[PDB]
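Notes follow the structure.
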């Protein structure tokens, strides 16, 4: 029940996703997103990565191995604290990583669950980084854009050939 993951170069990855309004099918869609994420060995997946410009992502802290499963619609970061550099990649940019992506160490996020119910959550560390990365997808942002300019430019130069290849494939 998996969806193909959209690669770098697909314009859907760069759109501002639309808020979710009708939650009737969100549980089922979220289930297929999780199956896609799990088969690709990821820990998060955003709706734009399966071709859907909607403010929705799933993430986990293999369905039987997870401590917490998150279905997150209409997320807004309402608080952030701290700044920690860390390693990230992306299923839309397979095999490409940066080890110096700056993120807030702690966040507060307002969102709706798969039934449309308002929730508030605070995360620190790894899961705060996963949520920042996924929310970024909903704003049309990819992790290298979080790098300071010299580091972003180095990343794009160093990986130029693979980035070109993805775009052709997309």
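Here residue 36 fulfils each of the conditions (1) within 24 Å of residue 120 (Cα to Cα); (2) surrounded by 14 or more Cβ atoms within 10 Å (Cβ to Cβ) apart from (1).
Every listed requirement among (1) out of contact with any strand residue (DSSP E or B) (no Cβ under 7 Å at 6 or more places or on another chain); (2) surrounded by 12 or more Cβ atoms within 10 Å (Cβ to Cβ); (3) under 23 Å from residue 97 (Cα atoms) is met by residue 41 save one, (2). Since residue 12 meets every condition but one in (1) surrounded by 13 or more Cβ atoms within 10 Å (Cβ to Cβ); (2) in a loop (DSSP other than H, G, I, E, B); (3) touching a helix residue (DSSP H, G or I) at 6+ places or on another chain (Cβ under 6 Å), which condition does it not meet? With respect to (1) surrounded by 13 or more Cβ atoms within 10 Å (Cβ to Cβ); (2) in a loop (DSSP other than H, G, I, E, B); (3) touching a helix residue (DSSP H, G or I) at 6+ places or on another chain (Cβ under 6 Å), residue 12 is out only on (2). Scanning region 139-152 for residues that are within 18 Å of residue 14 (Cβ to Cβ) and either under 15 Å from the mean Cα position of the chain (by Cα) or exposed (fewer than 14 other Cβ atoms within 10 Å of the Cβ) (or both) gives 139, 140, 141, 142, 143, 144, 145, 146.
Values in this text are rule-based calculations from the coordinates and carry no lab data. Note that we place each Cβ from the backbone using ideal geometry, even for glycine, and neighbour counts take in every protein chain shown.
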